[PDB]
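**Q** Below: one structure in structure tokens.
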Amino acid sequence: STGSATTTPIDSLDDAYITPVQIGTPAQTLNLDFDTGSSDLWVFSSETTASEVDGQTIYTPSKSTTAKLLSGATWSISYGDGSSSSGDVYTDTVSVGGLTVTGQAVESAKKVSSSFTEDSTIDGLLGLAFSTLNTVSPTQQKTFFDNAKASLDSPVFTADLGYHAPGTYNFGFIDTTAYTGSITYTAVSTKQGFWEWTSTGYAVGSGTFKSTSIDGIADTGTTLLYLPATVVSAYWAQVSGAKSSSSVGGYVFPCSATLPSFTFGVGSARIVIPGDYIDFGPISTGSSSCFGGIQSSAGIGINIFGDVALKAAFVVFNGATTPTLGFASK
Ligand SMILES: CSc1ccc(CNCCO)cc1
């Protein structure tokens with residue numbers, strides 16, 4: 001089997017991407033944030049504290065003839081950005097882009113943090129990291145991809161995120177028309193539950209390439225590109241007037257600037273992030289100071305190849321017995 005679904009930016013900055021997901025019988029369609037950095041499929045629901053729902057579409061399990069309460073199961077997750085959510089668990093039928101899993105754990109939120117309440121466009125998350133990170137207790141549950149994998153034509157999914165435009169998540173096949181050149185595959189460590197890999201270095205604009213190992217994660221659920229302080233300083237030094245602002249929480253730059261590109265290495269291959277992809281707009285409405293899309297990982301503990309990086313590539317999440325990642329230009 002295969003599935004194919006369009007993923008759409010939630011706003012004009014590409015702050016996140018939502019993908020429609022069918023849950024239950026009859027189907028209830030929710031727009032979920034596909035997150036290769038976590039492993040829970042959770043949704044706003046009829047159980048979510050009313051004051052914490054502000055425009056999201058909810059899953060109502062009592063209206064699904066295939067929903068079953070998973071007895072005694074609860075979940076609670078805290079994300080790297082400080083967001084969180086928790087609740088109880090159903091199993092139900094879940095379909096993405098024509099690919100169906102029966103008996104998928106659907107984690108129904110009773111509580112969500114304010115950042116989720118305030119994002120009316122995100123109805124929940126669909127985790128695509130390794131199932132060792134799933135938070136359901138006392139019996140850990142599998143991700144949608146792990147449940148689908150054996151049925152798929154090939155045990156893979158691909159992320160093709162757009163810049164200011166829709167893109168695609170495919171399951172079970174590699175669309176050879178969606179990229180240019182070849183796909184370069186690179187080793188993955190699953191020891192932390194992430195799609196963790198080692199970039200071979202970087203360049204800023206037309207500058208020479210610096211060969212240096214950068215361990216980090218491929219994370220579709222993180223907006224920005226978080227890299228070591230040395231790398232990020234080298235980037236922003238090429239932008240007149242850019243500075244790290246403690247009050248704003250990262251590098252900012254004059255909105256009148258034209259930003260240089262940023263290149264990262266995948267083996268001997270090179271993925272070029274155009275400068276415009278690094279512009280996250282005014283720090284507050286009407287400001288002429290703009291927020292940068294490349295930020296230091298120093299306070300995070302891991303480097304993160306988030307959407308800024310991934311949307312410059314066609315990315316293969318290869319779930320073979322030994323997982324690997326593939327990157328192609330597009
Ligand atoms: C409030 S919207 C939101 C979307 C995705 C995630 C998962 N990624 C966490 C690290 O960036 C957290 C919050």
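Each residue of the sequence shown is one higher than the one before, starting from 1 at the first, in the deposited numbering. The beta-carbon is built from N, C-alpha and C at its ideal position, and this holds for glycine as well.
#1: Run the CB neighbour count on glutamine 104, radius 10 Å, all protein chains shown included, and call it buried at 16 or more, exposed below.
#2: Whose C-beta lies closer than 6 Å to the C-beta of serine 84 among residues of the same chain, with five residues either side of it excluded?
#3: With hydrogens ignored, establish whether the beta-carbon of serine 240 is closer than 7 Å to any heavy atom of ligand 1.
#4: Whole angstroms are fine: how far does the CA of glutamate 196 sit from the CA of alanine 187?
#5: Can you have a look at residue 332 and say buried or exposed, based on whether 16 or more other CB atoms are within 10 angstroms of its CB?
#6: Can you give me the Cβ contacts of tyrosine 235 inside the same chain, cut-off strictly under 7 Å, excluding the 5 residues immediately before and after it?
#7: Could you give the DSSP three-state label for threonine 7: helix, strand or coil?
#8: May I ask you to report which of helix, strand or coil DSSP gives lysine 149?
#9: Would you list, in sequence order, the uninterrupted alpha helix (DSSP H) runs of no fewer than 4 residues that lie entirely inside the region 208–240?
#10: For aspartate 219, which residues of its own chain have a beta-carbon under 6 Å away from its beta-carbon, when the five flanking residues on both sides are left out?
#11: With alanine 16 as the anchor, note down where its alpha helix (DSSP H) starts and where it stops.
#12: Helix, strand or coil: how does DSSP classify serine 64 here?
#13: Measure the beta-carbon distance from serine 1 to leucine 126 and round it to whole angstroms, keeping in mind my assumption that it falls under 8 Å.
#14: Looking only at C-alpha atoms, which of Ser131, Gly162 and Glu52 sits nearest to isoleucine 273?
#15: Using the three-state DSSP reduction, which class does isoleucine 283 fall into: helix, strand or coil?
#16: Label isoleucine 300 either buried or exposed according to how many other C-beta atoms from any shown protein chain fall within 10 Å of its C-beta, with 16 as the threshold for buried.
#17: To the nearest angstrom, report how far apart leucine 128 and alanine 309 are at their CA atoms.
**A** This is what the structure holds:
#1: buried
#2: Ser78 and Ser113
#3: no
#4: 8 Å
#5: Nothing about residue 332 can be read from this structure; the chain reaches only from 1 to 330.
#6: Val204, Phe262 and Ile294
#7: strand
#8: helix
#9: 229–236
#10: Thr36, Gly37, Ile304 and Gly306
#11: Where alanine 16 is concerned, there is no enclosing alpha helix (DSSP H), given that its DSSP letter is neither H nor E.
#12: coil
#13: About 17 Å; that fails the 8 Å criterion.
#14: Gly162
#15: coil
#16: exposed
#17: 18 Å
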